Amino acid sequence: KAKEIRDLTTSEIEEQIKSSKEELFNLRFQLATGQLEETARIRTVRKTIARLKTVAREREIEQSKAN
RNA sequence: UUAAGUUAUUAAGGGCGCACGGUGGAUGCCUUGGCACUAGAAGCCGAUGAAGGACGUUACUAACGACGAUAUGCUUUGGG
């Protein structure tokens, strides 16, 4: 997904982080009430959030060198 | 039959020999860990926050290892 992410503009990435965090919140609420049954999604969403943050930090590092 | 005489039999328990069990962890065989050295690098980090820690992180989580709210891991260049 790292190559797909690099196509997004910097404002799309923020919106995507904001949606993945909400999606992860809902899964943790479902797990606690005992009705989830698909526990493999929690790790997937966490890894996507980590990738988005990595690509976002890359651009901010890179532009400061050019500036 | 009566006298006189001699010598037998018991094992409550014990002793010795033998057979068969239990307890215990010596002996033999073994090695995951150690000990003494040789050759070649190197030796000491820190206010750009150290050495050493505390708390946390896995779907289910007590301890040790790994990691730090990007947490039982993220990106990239090579190998396979």
Side-chain angles (χ1 to χ4, degrees), chain A residues 1-64 66:
Chain A
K1 268 195 53 67
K3 63 183 290 293
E4 296 180 354
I5 288 175
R6 264 155 198 145
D7 291 339
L8 309 184
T9 183
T10 314
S11 315
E12 274 164 333
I13 288 185
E14 295 296 327
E15 195 55 41
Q16 194 71 63
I17 297 179
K18 201 200 77 153
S19 298
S20 296
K21 284 194 177 180
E22 174 163 343
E23 183 198 340
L24 173 64
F25 177 85
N26 285 327
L27 286 170
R28 274 169 171 151
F29 264 29
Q30 299 195 52
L31 183 84
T33 58
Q35 42 182 57
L36 184 129
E37 295 173 353
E38 278 62 33
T39 48
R41 279 141 74 180
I42 294 179
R43 192 187 193 270
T44 308
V45 184
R46 283 169 98 236
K47 292 325 160 194
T48 62
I49 295 157
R51 288 185 197 100
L52 287 153
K53 294 209 179 223
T54 285
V55 179
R57 182 74 173 117
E58 264 164 13
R59 296 174 172 176
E60 179 196 338
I61 280 292
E62 169 280 340
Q63 65 85 18
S64 177

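Computed over heavy atoms, backbone and side chain alike; hydrogens, waters and symmetry mates excluded. Here is how names work: the chains are called A, B, and so on, in the same order as the sequence lines, proteins then strands, and each is numbered from 1.
Judged by the sign of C1'-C2'-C3'-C4', B:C44 carries a south-puckered sugar. A negative value of the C1'-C2'-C3'-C4' dihedral assigns B:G43 to the south, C2'-endo side. Judged by the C1'-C2'-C3'-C4' torsion, the sugar of B:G52 sits on the north side, since the angle is positive.
Ion pairing between A:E23 and A:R41 fails under the 4.0 Å rule for side-chain N and carboxylate O. Remark: A:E62 does not engage A:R59 in a salt bridge, criterion side-chain N to carboxylate O under 4.0 Å.
The hydrophobic cluster containing A:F25 also includes A:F29, under a criterion of side-chain heavy atoms closer than 4.5 Å among ILVMFWY residues, counted directly or through chains of members. The hydrophobic cluster around A:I5 extends to A:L8, A:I13, A:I17, A:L52, A:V55, counting ILVMFWY residues whose side-chain heavy atoms fall within less than 4.5 Å of a member.
Adjacent in the strand, B:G65 and B:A66 form a stacked pair, their six-membered rings being closer than 5.5 Å at the centres and less than 30 degrees apart in orientation. Judged by ring centres closer than 5.5 Å and planes tilted by less than 30°, the bases of B:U6 and B:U7 are stacked on each other. With ring centres under 5.5 Å apart and planes tilted under 30°, the neighbouring bases B:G34 and B:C35 are scored as stacked. Judged by ring centres closer than 5.5 Å and planes tilted by less than 30°, the bases of B:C74 and B:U75 are stacked on each other. When the rule of centres under 5.5 Å and planes under 30° is applied to the neighbouring bases of B:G49 and B:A50, their six-membered rings do not qualify as stacked.
At a threshold of 4.0 angstrom between heavy atoms, the contacts of A:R6 are confined to the sugar-phosphate backbone, with no base atom among them.
A:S20 and A:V45 make their closest contact through O-CG1, 3.6 Å (heavy atoms, listed as atom of the first residue, atom of the second, distance).
Think of the region where chain A sits on RNA chain B: with heavy atoms and a 4.0 Å cut, that region ends 5' and 3' at B:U57 to B:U76.
Place A:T54 and A:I49 on RNA chain B by their nearest nucleotides, and A:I49 ends up nearer the 5' end. With RNA chain B read from its 5' end, the first of the two nearest nucleotides for A:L31 and A:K21 is the one closest to A:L31.
The P atoms of B:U38 and B:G33 are separated by 25 Å, rounded to the nearest whole Å. Separation of the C1' atoms belonging to B:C45 and B:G40 is 25 Å when rounded to the nearest angstrom. Separating the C1' atom of B:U58 from that of B:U70 is a span of 16 Å, rounded to the nearest Å. Annotation: B:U72 and B:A59 have their P atoms spaced 8 Å apart (nearest Å). The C1' atoms of B:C44 and B:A50 are separated by 12 Å, rounded to the nearest whole Å. Across B:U23 and B:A8, the matching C1' atoms stand 47 Å from one another, rounded to whole Å.
By the side chain to side chain donor-acceptor pair (under 3.5 Å) test, A:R43 pairs with no residue at all, sequence neighbours left out.
The environment of NZ in A:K47 is crowded: more than 12 heavy-atom neighbours from other residues, nucleotides or ligands sit within 6.0 Å.
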How is the base pairing of RNA chain B summarised as a dot-bracket string, given the Watson-Crick and G-U wobble criteria with both distances under 3.5 Å, [ ] for crossing and | for another strand?
......................................................(((.......[)))...]........
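Sequence neighbours left out, not one pair with a member in residues 30-64 of chain A passes ring pair (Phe, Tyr, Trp, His ring centres under 6.0 Å).
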